[PDB]
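Now for the letters of each chain:
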Amino acid sequence: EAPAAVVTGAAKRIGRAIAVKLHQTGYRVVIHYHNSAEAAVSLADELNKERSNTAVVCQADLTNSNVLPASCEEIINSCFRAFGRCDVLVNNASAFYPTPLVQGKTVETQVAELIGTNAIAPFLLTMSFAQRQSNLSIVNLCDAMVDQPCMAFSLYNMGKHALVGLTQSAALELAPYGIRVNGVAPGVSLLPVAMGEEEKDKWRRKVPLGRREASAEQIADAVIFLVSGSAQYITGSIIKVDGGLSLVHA
Amino acid sequence: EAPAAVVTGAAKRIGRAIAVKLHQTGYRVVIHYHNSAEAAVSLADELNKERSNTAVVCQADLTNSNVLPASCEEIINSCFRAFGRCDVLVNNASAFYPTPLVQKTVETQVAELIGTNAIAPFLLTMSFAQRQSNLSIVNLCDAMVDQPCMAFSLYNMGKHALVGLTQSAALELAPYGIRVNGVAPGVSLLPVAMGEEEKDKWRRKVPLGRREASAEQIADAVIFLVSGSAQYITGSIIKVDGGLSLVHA
Amino acid sequence: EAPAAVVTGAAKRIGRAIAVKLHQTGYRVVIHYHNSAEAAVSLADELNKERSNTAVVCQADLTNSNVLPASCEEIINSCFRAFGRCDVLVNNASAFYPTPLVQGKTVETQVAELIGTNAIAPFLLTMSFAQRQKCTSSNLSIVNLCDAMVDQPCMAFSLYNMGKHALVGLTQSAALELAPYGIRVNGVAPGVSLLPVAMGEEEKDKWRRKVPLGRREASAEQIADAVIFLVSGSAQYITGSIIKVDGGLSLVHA
Amino acid sequence: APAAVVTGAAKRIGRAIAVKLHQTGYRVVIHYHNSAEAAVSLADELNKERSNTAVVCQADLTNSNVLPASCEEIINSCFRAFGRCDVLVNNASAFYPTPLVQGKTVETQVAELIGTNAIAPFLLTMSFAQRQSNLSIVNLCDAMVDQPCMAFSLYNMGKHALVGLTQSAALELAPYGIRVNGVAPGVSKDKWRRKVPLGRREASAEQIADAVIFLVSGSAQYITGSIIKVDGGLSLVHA
Ligand SMILES: NC(=O)c1ccc[n+]([C@@H]2O[C@H](COP(=O)([O-])OP(=O)(O)OC[C@H]3O[C@@H](n4cnc5c(N)ncnc54)[C@H](OP(=O)(O)O)[C@@H]3O)[C@@H](O)[C@H]2O)c1
Ligand SMILES: NC(=O)c1ccc[n+]([C@@H]2O[C@H](COP(=O)([O-])OP(=O)(O)OC[C@H]3O[C@@H](n4cnc5c(N)ncnc54)[C@H](OP(=O)(O)O)[C@@H]3O)[C@@H](O)[C@H]2O)c1
Ligand SMILES: NC(=O)c1ccc[n+]([C@@H]2O[C@H](COP(=O)([O-])OP(=O)(O)OC[C@H]3O[C@@H](n4cnc5c(N)ncnc54)[C@H](OP(=O)(O)O)[C@@H]3O)[C@@H](O)[C@H]2O)c1
Ligand SMILES: NC(=O)c1ccc[n+]([C@@H]2O[C@H](COP(=O)([O-])OP(=O)(O)OC[C@H]3O[C@@H](n4cnc5c(N)ncnc54)[C@H](OP(=O)(O)O)[C@@H]3O)[C@@H](O)[C@H]2O)c1
Ligand SMILES: COC(=O)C1CCN(C(=O)c2ccc(CNC(=O)c3ccc4nc(N)sc4c3)cc2)CC1
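Every chain's residues are listed with numbers counted from 1 in the order the sequence is written; these need not match the entry, and residues without coordinates are not shown. Note on labels: chains are lettered from A, ligands numbered from 1, in written order. Water and hydrogen atoms were dropped before computing side-chain values, which therefore reflect all heavy atoms in the structure. Residues with missing side-chain atoms are left out of burial classes, side-chain pairs and their counts.

- In the PDB header, X-ray crystallography is given as the technique by which the entry was determined, and 1.74 Å as its resolution.

As structure tokens, then:
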């Protein structure tokens with residue numbers, strides 16, 4: 001019987017590539033999304049055309065609020081209702097924008113979005129995943145540049161640092177239940193389509209390996225390794241997939 | 001002419017020892033407290049007895065909420081109200097208790113553990129910088145942040161976030177001449193609720209002297225980081241842990 | 001045509017498991033050894049019986065000395081002599097024993113063995129590997145066997161620990177410098193895997209009980225699996241990364 | 001009065017560290033390899049302030065069969081002159097590129113970069129501990145150790161090895177009451193200055209010395225195994 005995975009933020013870009021590769025590997029998938037319903041649905045239809053009844057969508061805002069714990073419990077529950085099991089959780093969804101310390105969202109909204117998506121929702125999803133429970137594992141999408149932060153991204157960086165701590169804390173606490181918890185830390189991967197090529201090229205030229213950003217598929221390949229039987233003794237580990245970018249001095 | 005410092009959670013234990021040592025160094029101090037009103041007022045009385053008009057208390061809950069920004073702004077404002085300047089912020093206040101992943105609401109636990117340990121330091125940092133010699137912020141971090149205690153996920157996430165803030169704010173505020181650094185205790189003053197046998201278990205793990213840090217030993221590192229002897233140091237986190245973080249399982 | 005790999009210290013234990021797994025993946029292998037001549041030849045025979053002319057042995061002491069550079073050069077040369085190419089280098093060989101700071105080999109012999117095998121030989125083999133290279137198919141990489149407990153060191157193992165820290169530095173320095181040549185450099189960091197043969201069962205079980213995931217050591221094959229991942233096309237954008245394979249051991253406090 | 005050994009003390013950071021320890025009340029052994037005139041000039045300056053408080057000690061810190069005996073004699077020079085040795089500062093350092101892809105032989109570069117930067121500190125640490133209050137060792141580390149300079153593999157390996165020695169020695173010597181810590185300068189030319197967050201300028205040697213003074217002081221009595229970056233924020237700046 002086929003295993004099942006939840007991927008958050010799976011409608012586009014990296015989470016889409018993760019959902020596709022997990023599906024190619026034999027997993028049934030819950031495609032979580034927030035705003036991108038048309039893209040989430042189009043991915044589910046493509047996957048179900050490949051193998052019937054192997055993909056469902058689940059909508060939820062992962063912003064921190066009074067209701068976030070119920071939302072995260074519902075994402076996990078949707079995997080059990082669709083597929084009768086939940087073997088893999090991939091915490092991929094992420095808000096990313098600057099929050100300068102010195103001078104139309106209020107700062108508490110920015111806190112709820114950046115700390116909720118990057119850290120609190122992963123924690124609540126992790127709680128719900130474990131409470132509901134073979135090769136069980138969680139993969140958190142971290143950031144290879146977490147210790148050389150972008151200027152004016154403090155709340156984003158705090159959320160990603162918190163996710164490192166969750167990855168380590170959850171690996172230790174869930175090891176007795178046989179649940180592994182690991183991370184994949186991209187450097188620069190898919191850049192914004194709207195970003196000018198001159199700016200994209202500034203970033204690409206910083207990468208030692210190939211002077212080019214990672215494809216979403218290269219990020220997905222590390223996720224596939226971590227959930228596989230080839231990683232059965234790996235927990236608490238964060239694999240950078242960054243072409244050497246984090247090793248480059250200013 | 002005397003510089004002024006804010007110390008959060010300064011009524012007792014490590015924050016008290018920091019406020020006392022800054023006051024001894026020449027600083028005027030805002031003693032922030034949440035519940036420990038009698039202890040905060042007693043400390044301000046003791047410091048004012050030594051030099052009049054050099055200490056005030058300021059009450060605030062640093063749990064995350066939609067009014068936490070205004071509370072954090074008010075803490076910094078109280079320093080400018082009392083002393084006309086604010087040269088040093090020490091982010092010391094902290095909630096600490098277990099939050100098991102497998103069986104207060106969980107959103108209250110998030111508000112308290114992430115709010116005190118990370119969001120309030122962030123908002124206090126924003127207010128400190130915006131409201132602006134030798135300006136600096138010192139965050140009390142945790143030397144054991146990468147060897148977490150079992151069932152302390154949300155606490156550990158908050159302290160990891162505080163490392164991120166220390167580094168991000170160091171980078172961003174360097175052009176304003178504000179340095180941002182951390183002091184990471186291992187085991188210092190053990191929780192009041194702790195039994196004697198458990199206290200001794202933790203003392204025996206420490207390589208250097210088989211004992212916990214005094215609060216004054218933690219305060220000494222804070223003093224160094226705010227001093228002119230640390231003027232080229234920013235983004236650094238000094239472990240004051242007697243070697244504890246280097247001991248394997 | 002099949003790619004070829006050098007594995008150092010490959011006669012037994014983890015290095016043997018890595019050579020076997022690379023062989024099963026389709027590589028031709030140089031089985032480097034120092035003292036374990038019988039075990040090396042027995043392994044090369046087993047692999048040659050599976051597929052003809054796909055394994056050779058290569059003997060070398062990797063202790064530091066003025067001839068270590070020539071010895072490392074000759075290991076790499078042996079892969080090209082046997083197989084016409086050298087696609088992967090796995091730096092696995094390692095000396096491991098205590099060197100207490102406060103009170104038999106001289107201290108300079110201990111330096112030569114612990115820093116030579118764990119750091120200088122990997123450096124020289126990396127130089128010789130890269131120099132011997134100098135388009136749609138190439139997948140060149142180096143994997144260094146590191147140590148997940150490098151920052152929580154064992155009491156009285158200073159020189160061993162300095163060697164493994166040096167190897168982290170080489171991994172990151174070589175990843176940066178060789179990236180322009182298309183050579184990726186990564187590490188695999190066991191926690192406790194195959195316990196030293198010298199150890200009694202009680203002492204082995206003390207270590208087993210510390211591991212969060214399963215309260216047991218990693219099998220040699222589990223270590224080799226991470227090596228296979230890093231040399232594979234599934235790791236084509238990964239360089240300078242060190243993957244812990246430690247069942248959570250490095251996360252456990254005192 | 002306590003006594004300190006400072007290696008590579010004739011110039012630059014090591015000189016500033018010797019001056020500041022001397023100003024704090026230490027007697028000092030000024031180690032040198034080639035800079036005898038400069039070492040003696042410093043000893044003359046310190047001894048003019050306080051008589052018989054500064055001596056010099058020649059040694060090559062390149063790894064060789066005789067390095068252990070040389071390192072033992074540096075520590076013994078401290079005990080000879082002053083009757084005690086409270087502080088060891090491992091400051092001496094060789095620094096140059098060793099490209100992996102192509103006139104010292106590579107094994108000479110190993111002996112100099114790994115020997116001066118890591119093996120000499122290890123042997124000096126052994127001799128210091130064997131010969132044994134506020135005892136401590138301070139190792140000059142590198143704040144850029146995990147974002148290495150291109151083509152500096154052997155230098156970087158040596159500085160990584162020095163982080164391992166700092167941590168291993170802190171653990172092993174804690175029971176002896178010997179603390180072991182590091183100070184990691186960043187940059188201590190205008191291209192480099194411009195990337196530094198704090199003031200777009202390099203660290204004075206005196207700023208490095210200030211962190212050493214803190215770590216050997218009674219204000220750091222609970223601190224061991226810690227490496228303090230003194231780099232103006234540079235290590236936090238992305239490429
Ligand atoms: N791209 C890179 O270079 C890079 C670099 C370092 C780390 N990473 C990490 O890798 C992961 C994937 O990166 P990516 O570039 O693919 O991410 P992305 O496009 O920025 O975001 C992924 C998805 O996150 C979901 N998300 C955002 N805010 C949300 C909210 N409030 N509630 C629920 N879901 C929300 C969105 O879903 P909808 O579209 O459905 O609203 C979005 O499509 C992220 O965790 C990111 O931090 C990426
Ligand atoms: N003690 C140790 O071993 C140790 C080890 C590692 C790190 N640290 C760090 O060092 C710092 C000081 O440690 P400590 O043991 O002295 O701390 P603590 O006694 O646990 O707490 C410090 C103070 O924080 C304040 N606080 C707690 N919740 C708050 C809230 N919701 N709003 C506002 N203030 C609140 C309390 O003030 P009131 O009393 O006024 O309510 C409390 O007295 C902390 O950041 C801690 O994480 C300590
Ligand atoms: N085993 C573990 O739990 C563990 C834990 C952490 C890290 N690691 C790392 O993983 C790697 C493999 O571990 P292992 O236990 O399989 O290693 P090991 O059995 O201790 O040693 C592997 C091989 O190293 C070779 N070697 C030793 N000194 C040498 C010298 N002077 N010249 C040339 N070769 C020399 C030996 O070859 P001959 O037998 O031919 O003489 C030996 O069989 C090592 O790098 C180790 O540091 C292992
Ligand atoms: N300058 C910086 O920006 C910077 C940055 C990062 C780290 N650091 C570290 O901080 C420390 C001091 O830096 P610095 O710039 O003042 O050092 P430096 O001038 O490069 O060298 C310090 C002294 O080391 C001695 N030395 C070199 N090779 C030796 C050998 N084979 N035997 C014995 N002594 C030898 C030399 O003494 P003689 O002159 O007597 O021959 C030299 O004057 C070093 O550990 C360095 O790696 C410095
Ligand atoms: C008779 O007992 C022995 O086997 C001796 C060697 C191992 N030993 C230990 O104290 C010790 C330290 C750490 C461990 C856990 N680490 C490993 O087993 C380990 C770690 C690194 C490593 N590198 C190699 N080349 S083999 C190797 C093994 C096990 C034993 C001293 C006594």
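Side note on the overall build of chain A
Then, number 1: The helix and strand labels rest on DSSP assignments: H or I over at least four residues marks a helix, E over at least two residues marks a strand, and numbering proceeds from the N terminus. Counting its regular elements, chain A contains seven helices and seven strands.
Then, number 2: For chain A, the succession of helices and strands along the chain, N to C, is β-α-β-α-β-α-β-α-β-α-β-α-α-β.
Then, number 3: Taken over C-alpha atoms, the radius of gyration comes to 17 Å for chain A, in line with the 18 Å a tight globule of 250 residues would show.
Then, number 4: Once the C-alpha set of chain A is aligned to its principal axes, its extents read approximately 50 × 40 × 40 Å. Only C-alpha atoms enter the radius of gyration; for comparison, a globular chain is expected to reach 2.2 Å times N to the power 0.38, where N is the number of residues.

Some points on helix α4 (residues 106-130) of chain B
Then, number 1: Values of bend correspond, residue by residue, to the angle between axes fitted over the seven residues ending at that residue and the seven starting there. Most pronounced at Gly115 of chain B, the bend in α4 of chain B amounts to some 65 degrees.
Then, number 2: The buried fraction of α4 of chain B amounts to 21 of the 25 residues, a majority that puts the element mostly inside the structure. Each residue gets one of three labels from its accessible area relative to the maximum for its type: buried under 20%, exposed over 50%, partly exposed in between, using a 1.4 Å probe on protein chains only.

Some thoughts on the interface of chain C and chain D
Then, number 1: Whether two residues are in contact is decided by their heavy atoms: any pair within 4.5 Å suffices. Listed by partner, the interface residues are 43 residues for chain C and 42 residues for chain D.
Then, number 2: When residues of the side of chain C that touches chain D are traced back to their parent elements, those giving at least two are α3 (68-83), α4 (107-133) and α5 (158-178) of chain C.
Then, number 3: Considering every element that reaches the side of chain C that touches chain D, the biggest residue donor is α5 of chain C, with 15 residues.
Then, number 4: Residue polarity follows a fixed list, in which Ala, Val, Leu, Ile, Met, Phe, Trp, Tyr, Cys and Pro are nonpolar, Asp, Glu, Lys and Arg are charged, and the others, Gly among them, are polar. The class makeup of the residues in the side of chain C that touches chain D is 28 nonpolar, twelve polar and three charged.

With respect to the UniProt feature "binding site: substrate" (unreviewed entry) in chain A
Residue and element names in this part refer to chain A.
Then, number 1: According to UniProt, the "binding site: substrate" (unreviewed entry) feature falls on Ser137.
Then, number 2: Relative to the assigned elements, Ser137 resides in strand β5 (residues 136-141).
Then, number 3: Judged by relative accessible area, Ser137 falls into the buried class, the value being 1%.
Then, number 4: Beyond its immediate stretch of four places on either side in the chain, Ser137 contacts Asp87, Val88, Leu89, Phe129, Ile179, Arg180, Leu226 and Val227. UniProt positions are given in the numbering used here, feature names are shortened, and annotations may be inferred rather than shown by experiment.

Some details on the interface of chain C and chain A
Then, number 1: Of the residues lining the interface, 33 residues belong to chain C; the matching set on chain A comes to 33 residues.
Then, number 2: When two components associate, each loses some accessible surface as probed by a 1.4 Å sphere; the sum of these losses over both components is called the buried area. Here chain C and chain A share an interface that buries about 2,700 Å² over both sides, 67% of which is from carbon and sulfur atoms.
Then, number 3: Of all residues in chain C, the largest losses of buried area upon contact with chain A belong to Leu213, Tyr237 and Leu251 of chain C, amounting jointly to 30% of the total for that side.
Then, number 4: The working definition used for a salt bridge is a side-chain nitrogen of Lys or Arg within 4 Å of a carboxyl oxygen of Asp or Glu. Counting the contacts that link chain C with chain A gives zero salt bridges.
Then, number 5: Whenever two N or O atoms come within 3.5 Å, that pair is a polar contact, provided that in protein one can donate a hydrogen and the other can accept it, and provided that, for residues adjacent in sequence, both atoms are side-chain atoms. Linking chain C to chain A there are eleven residue pairs in polar contact.
Then, number 6: Counting residues per element, the ones that place at least two in the side of chain C that touches chain A are α5, α7 (220-231) and β7 (242-245) of chain C.
Then, number 7: It is α7 of chain C that provides the largest number of residues to the side of chain C that touches chain A, a total of four residues.
Then, number 8: By residue class, the composition of the side of chain C that touches chain A is 17 nonpolar, ten polar and six charged.

Overview of the site of ligand 3
Residues and elements named next belong to chain C.
Then, number 1: Taken together, the neighbourhood of ligand 3 is formed by 25 residues, with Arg13, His34, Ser36, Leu62 and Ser193 sitting nearest.
Then, number 2: One nitrogen or oxygen atom from the main chain of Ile14 is found 3.0 Å from an oxygen atom belonging to ligand 3.
Then, number 3: Here the accessible surface of atoms and residues is derived via Shrake-Rupley with a 1.4 Å probe, and residues count as covered only by protein chains that are part of the display. Starting from 900 Å² of accessible surface for ligand 3 in isolation, the protein chains cover 86%.
Then, number 4: Sorting the residues of the shell around ligand 3 by element identifies α1 (13-24), β2 (28-33) and α5 as the ones contributing at least two each.
Then, number 5: In terms of residue class, the shell around ligand 3 is made up of eleven nonpolar, eleven polar and three charged. Only a single heavy atom is needed: when it lies within 4 Å of a molecule or strand, its residue is near that molecule or strand.

What about the site of ligand 2?
Residue and element names in this part refer to chain B.
Then, number 1: Inspection of the region around ligand 2 gives 26 residues, with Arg13, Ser36, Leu62, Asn92 and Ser188 positioned closest.
Then, number 2: A distance of 3.1 Å separates an oxygen atom of ligand 2 from a polar backbone atom of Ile14.
Then, number 3: One of the backbone N or O atoms of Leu189 is found 3.0 Å from a nitrogen atom in ligand 2.
Then, number 4: When ligand 2 sits alone it has 890 Å² of accessible area, and the protein chains cover 85% of it.
Then, number 5: Looking at side-chain class alone, the shell around ligand 2 contains eleven nonpolar, eleven polar and four charged residues.

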